[PDB]
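Below: the structure, in C-alpha cells.
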Ligand SMILES: Cc1ncc(C[n+]2csc(CCO)c2C)c(N)n1
Ligand SMILES: Cc1ncc(C[n+]2csc(CCO)c2C)c(N)n1
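Chains as they are written, first to last, in full-length UniProt numbering: chain H, 3 to 319; chain R, 1 to 319.
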C-alpha cells in the first residue's frame with residue numbers, strides 16, 4: 003500500500019499498466035456523432051449559466067423533464083417568452099401532482115408529450131430512464147406515441163406503471179453491447195433533497211449493470227459526476243480544456259468499499275490502496291496532474307467527481 | 001424470514017411487541033443539545049443560507065463554535081449587514097491552512113481575539129482538523145492551558161504548524177477513557193450540497209466518528225435535511241406529533257458506503273422486513289415518510305445514514 007505526491011504536471015507512462023477502458027471527459031457533455039443522446043432535467047431549480055444551457059440543449063437530441071422539472075424549466079426561462087417557447091422538452095413524465103396548472107397548460111398547449119405514472123414504487127428518475135430507453139429502443143413504443151387517437155388517453159400507456167411494464171418487456175431481449183449507446187446528461191439530480199442525491203448515485207451503478215448502453219453523467223453547479231469502470235480506465239482530456247475548466251477530483255466508493263489497485267496522473271497517486279466511505283479512506287480534494295490523461299484502476303466500479311468551472315465550459319463545447 | 005414491504009395507512013401506532021430497542025433518540029435533540037452534554041456548532045466552507053432567526057437560536061443552543069478555514073469568510077459575509085450582530089456571533093476557533101481566508105476577514109477575527117490555528121498538512125481535511133480540535137478543546141485540559149497560558153508566546157499558539165492538532169489529538173486519545181468522556185452534540189452547517197467529493201467526505205465523518213470517537217454525536221443541517229447516523233440493531237426515533245407535522249417531511253434510509261440488511265422497520269409509510277439495501281443494487285428506501293404517531297423504529301444489521309426532510313422556516317418555534 004502506497005501514496006505519493008506528484009509534481010504539478012507530468013506525462014504518465016504506459017509501461018506496466020493494462021488500459022482496458024478509455025473515456026474522454028468532453029464526451030460526457032458533447033455526445034458522440036452516432037450514439038443516441040438525451041438531456042434529462044430532474045426536479046430541482048436550474049441555475050446552470052444560460053449560455054451553457056443553450057449549448058448542452060443543442061448537443062443533445064431528446065429532452066426529458068421529470069415531473070416537477072417542467073416547472074423548473076418554465077421558471078428558468080423567465081426573461082423572454084420567445085426563448086421559453088424555443089426550448090420545449092420532448093417528454094414530461096411523472097405523477098404530475100407537482101405541476102402547476104399554469105405550467106401543465108403551457109406545455110400541453112405547446113404539444114409536449116405528457117405521460118402520467120401514478121406508481122409510488124419507482125422514482126421519477128426511473129420513470130424517465132425507462133421512457134428514454136423505450137423511445138430509442140422500442141419501435142412499438144414509438145408507434146404508440148406518434149399515433150393519433152391516443153394522446154387523449156395517456157397515449158395508450160397504463161396509468162399506474164405502464165412505462166415500467168413496457169420497459170421490462172422490452173429489456174428482456176436486449177443485449178446491451180449491441181444496443182446503440184445513449185449519452186445521458188442529467189441536471190438537478192444532485193444537491194437537493196439528500197435521499198434524492200443518493201438515489202441519483204444509485205442510477206450510475208444500476209444502469210451500468212442493468213442497462214449498460216446508457217452513459218450517464220450528472221452536471222451540477224460544481225461537478226461532473228459519473229461512473230468509472232473497474233480494471234483500468236484511462237481518463238482523457240485536452241490540456242487546455244483541463245487547465246481552464248477543471249479543478250479538483252475525487253474517487254468515491256459510494257455504497258461499496260473497494261480497492262484502488264493503481265492510479266497514474268493524480269496529484270496524489272495510490273497503489274494497492276483500500277478505499278471505503280465507512281473507514282474514511284477516500285481520495286477527496288485530489289486533482290489531475292497528467293497533462294492530457296489520468297489512469298485509474300480499481301477492483302470494482304467507482305464513482306468519480308470532477309470539479310468544473312461552468313462559466314468557462316462553453317468555450318470548449 | 002421472507003423479504004417483505006408493506007404500505008401503511010398515513011398514521012399507525014407501533015408497539016414493543018417482541019423487538020429489541022438498542023437506542024432511543026428524539027429528532028429535536030439533534031438540534032437542541034441536552035443540558036448535561038457538551039455542544040458545538042461547526043461551520044464548514046460553503047455559503048450559509050440558513051434563516052437568520054433559526055441561526056440565532058442554534059447558535060445560542062450550542063456552546064463552542066468552530067469555523068473550518070474558509071468558513072470564516074462565509075460567516076463574515078453571512079452577517080454583512082449588522083456589525084452589532086457580527087460582533088455578537090464571533091466563532092471560538094478558526095482552523096485550517098488559512099490560504100482561502102480573506103485578508104480582510106483574517107484581520108477582523110484576529111483583532112476580535114478569535115483563536116486562529118494554522119495547519120498546513122494536505123493529508124487531512126479541514127473537517128478532521130476541526131473535530132480533532134473540538135475534542136481537544138473539551139477533553140484535554142492541557143490543550144486549553146496551551147492556548148490560554150499567557151507565558152506562551154510561541155507562534156500559532158504553540159501548535160506545530162504541519163499536523164500539531166492531530167499529533168496532540170492522537171496523544172490525548174491514548175489516555176482517554178471513552179466510556180467516561182462527556183458526549184459532544186455536534187451540529188454542522190455547509191458540509192452537504194457543494195463540491196461533491198466534500199459531500200462524500202462529510203458522510204464518512206458520520207461513520208468514522210461513530211467508530212473512532214463515539215462520544216461525538218454528529219448531525220448535518222442543510223436547507224432541506226437533517227442527516228445523521230442510525231446505529232445498528234434497533235433504533236427508536238421519537239418525535240412530538242405537532243413538531244413532526246409542522247417541521248418534518250419525508251425521510252430516507254441510506255446505506256452509503258456499505259450495503260446492509262434492513263431487518264425491520266415499524267412506523268414508516270413503507271415498512272420493510274428482511275429487506276436487503278444497497279446503493280449498488282439500487283435497493284434504497286427513498287421518499288419514505290414517518291407514519292408512526294409519535295415514533296419510528298428502524299433495525300438494521302449495520303449502521304446506516306438517515307436523512308429527515310425538514311421545513312427550516314418552521315423549526316424555530318419548536319427549538
Ligand atoms: C421500501 C420503500 N421505501 C420508500 C418507498 C416510496 N417511494 C419510492 S419511489 C417514490 C416516488 C418518488 O421517488 C416513493 C414515494 C417505497 N415505495 N418503498
Ligand atoms: C489519496 C489522497 N487523495 C487526496 C489527497 C489530498 N487532500 C486530502 S485532505 C486535503 C485538503 C482538503 O481537504 C487534500 C488536498 C491526499 N493527500 N491523498
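C-beta: ideal position from N, C-alpha, C; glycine also.
With 16 or more other Cβ atoms from the protein chains shown falling within 10 Å of its own Cβ, residue 309/R counts as buried.
Within the region 104-168 of chain H, the runs of beta strand (DSSP E) at least 3 residues long that lie entirely inside it are, in chain order, 115-118. Rounded to whole angstroms, the separation of the alpha carbons of residue 130/H and residue 35/H is 23 Å. Chain order gives no chain H residues near residue 242/R, where near means a beta carbon separation below 8 Å; the closest approach is about 23 Å. Of the candidates 40/R, 79/R, 104/R, 40/R places its Cα closest to the Cα of residue 137/R.
The closest heavy atom of ligand 2 lies 6 Å or more from the beta carbon of residue 34/H.
Contacts between residue 311/R and chain H, judged by CB atoms closer than 9 Å, are missing: the closest CB pair is about 12 Å apart.
Ranked by how close their Cα comes to the Cα of residue 233/H, the residues 13/H, 288/H, 217/H, 263/H have 263/H in first place. At least one heavy atom of ligand 1 is found less than 6 Å from the C-beta of residue 272/R. Residue 48/R sits away from residue 76/R, with the two beta carbons spaced by 7 Å or more.
With the rule of 3 Cβ pairs closer than 8 Å, the region 242-251 of chain H counts as touching the region 280-296 of chain H. Contact annotation for residue 198/H against chain R: 252, 286, 287 [CB-CB distance below 9 Å, chain order]. Taking 6 Å as the cut-off, one finds at least one heavy atom of ligand 2 near enough to the beta carbon of residue 123/R. Boundaries of the beta strand (DSSP E) harbouring residue 276/H: 270-277, taken from the DSSP string. Within its own chain, the residues whose Cβ lies closer than 6 Å to the Cβ of residue 265/H, once the five positions on either side in sequence are excluded, are 271, 272, 298, listed in chain order. For residue 71/H, there are no neighbours in chain R by C-beta distance under 9 Å, as the nearest C-beta there is about 16 Å away.
For residue 258/R, the closest Cβ of chain H is nearer than 7 Å. The criterion of a C-beta distance shorter than 7 Å is not satisfied by residue 318/R and residue 205/R.
Considering only beta carbons, the part of the region 173-195 of chain R lying closer than 9 Å to chain H consists of 192, 193, 194, 195, in chain order. At a threshold of 6 Å, residue 287/R counts as near ligand 1, since its beta carbon sits closer than that to one of the ligand's heavy atoms. If you draw a straight line from the Cα of residue 307/R to the Cα of residue 28/R, it comes to about 14 Å. If you compare the alpha carbons of 168/R, 118/R, 90/R with that of residue 101/R, the shortest gap goes to 118/R.
Taking CB atoms only, residue 227/H has a neighbour in chain R less than 7 Å away.
Secondary structure at residue 57/H: helix, using DSSP grouped into helix, strand and coil. With contacts defined by Cβ atoms closer than 7 Å, residue 301/R and residue 261/R form a contacting pair. Burial check for residue 197/H: the Cβ neighbour count within 10 Å reaches 16 or more, so the residue is buried. In the same chain as residue 178/H, and ignoring 5 residues on each side of it, the C-beta atoms closer than 6 Å to its own belong to 214, 215, in chain order. None of the residues of the region 94-113 of chain H has a beta carbon lying less than 7 Å from any beta carbon of chain R. Not a single CB atom of chain R sits nearer than 7 Å to the CB of residue 157/H.
For residue 13/R, the three-state secondary structure derived from DSSP is coil.
Here the distance from the Cβ of residue 296/R to the nearest heavy atom of ligand 1 is not below 6 Å. In summary, residue 91/R is buried, with 16 or more beta-carbon neighbours lying within 10 Å of its beta-carbon over all protein chains present. Per DSSP, the beta bridge partners of residue 5/R are 272/R. In this model, residue 61/R and residue 257/H are separated by some 34 Å (Cα to Cα). Of all residues in the region 133-162 of chain H, none places a beta-carbon less than 7 Å from a beta-carbon of chain R. Close CB contacts of residue 33/H within its chain, under the 7 Å cut and outside five residues either way in sequence, are with 39, 61, 62, 185 (chain order).
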